[PDB]
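When you read off a place in the sequence shown, starting at 1, and then add 248, the result is the number in this note's numbering.
No residue lacks a Cβ here, since even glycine has one placed at the ideal position from N, Cα and C.
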Amino acid sequence: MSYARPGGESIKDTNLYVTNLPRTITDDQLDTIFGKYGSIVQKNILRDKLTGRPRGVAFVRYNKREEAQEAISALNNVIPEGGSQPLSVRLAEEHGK
């Protein structure tokens, strides 16, 4: 059915769309939660209350396909067990760092 998504390759373009992510943290904060796999070439947040385009979801960075895999586990739920709403990690089908 589906065996992992992102693959592997020097910093190219493999960011992942994190779904379900309230603004309880800061964009620069998601960096501290990572600081272990890659150097996250980005980190943003997208809301859908005045455009109707997205669906309450942020966008984590993971250029190197391999690094994106990290976000899969490492970023999956980028909050210490205690709510904070986790993010659904997965390489989106758009490619754009």
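Nearest-angstrom Cβ-Cβ length linking residue i and residue j, presumed shorter than 8 Å
i              : j             : result
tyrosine 265   : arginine 338  : 7 Å
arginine 309   : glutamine 290 : 3 Å
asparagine 263 : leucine 335   : In fact, because the Cβ distance is near 12 Å, the residues do not count as touching under 8 Å.
Cβ pair residue i, residue j closer than 9 Å
i             : j                 : result
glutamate 318 : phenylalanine 282 : yes
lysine 260    : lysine 345        : yes
Reference residue i; option with closest CA among the options
i              : options                           : result
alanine 316    : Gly286, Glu342, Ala306 and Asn325 : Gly286
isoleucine 273 : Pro302, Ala306 and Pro254         : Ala306
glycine 304    : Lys312, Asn311 and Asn292         : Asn292
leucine 323    : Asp279, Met249, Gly255 and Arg253 : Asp279
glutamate 341  : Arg313, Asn325 and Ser321         : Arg313
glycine 255    : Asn325, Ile320 and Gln333         : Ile320
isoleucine 288 : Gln277, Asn311, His343 and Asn325 : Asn311
Worksheet item: Does the count of Cβ pairs from the segment 296-306 and the segment 323-331 closer than 8 Å reach three?
Response: Short answer: they don't touch.
Worksheet item: Along the chain, which unbroken stretches of the alpha helix (DSSP H) at least 4 residues long are found entirely within the segment 277-321?
Response: Here the runs fully enclosed are 313-318.
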